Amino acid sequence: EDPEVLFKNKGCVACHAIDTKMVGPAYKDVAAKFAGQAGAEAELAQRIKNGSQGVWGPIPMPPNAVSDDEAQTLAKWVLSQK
């Protein structure tokens, strides 16, 4: 599926933007941190699906209603925002 349509449909848009921080980090900042680190895509994909806490602040990203292939698509698109 298309990452931009997922970004809207799966509700990511409620907590994230690409250039500014809302509830969670901006995607440009995430892409900048995970730069070109080996294995980042798989690691972000897991956090998108199962939830995250502590990396960008004290408040959690709740687990998302995405499938594994959807999470990978989204992770890859977030990383391309750098």
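In case it trips you up, residue 1 is the first one in the sequence shown, and so on.
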{"query": "Per the entry, higher mean C-alpha B factor between 53-61 and 28-36", "finding": "28-36"}
{"query": "Residue range whose averaged C-alpha B-factor is higher in the record, 4-12 or 73-81", "finding": "73-81"}
{"query": "Chain thirds of CA B-factor: placement of residue 42", "finding": "middle"}
{"query": "Chain-wide C-alpha B factor ranking for residue 18, given as lowest, middle or highest third", "finding": "highest"}
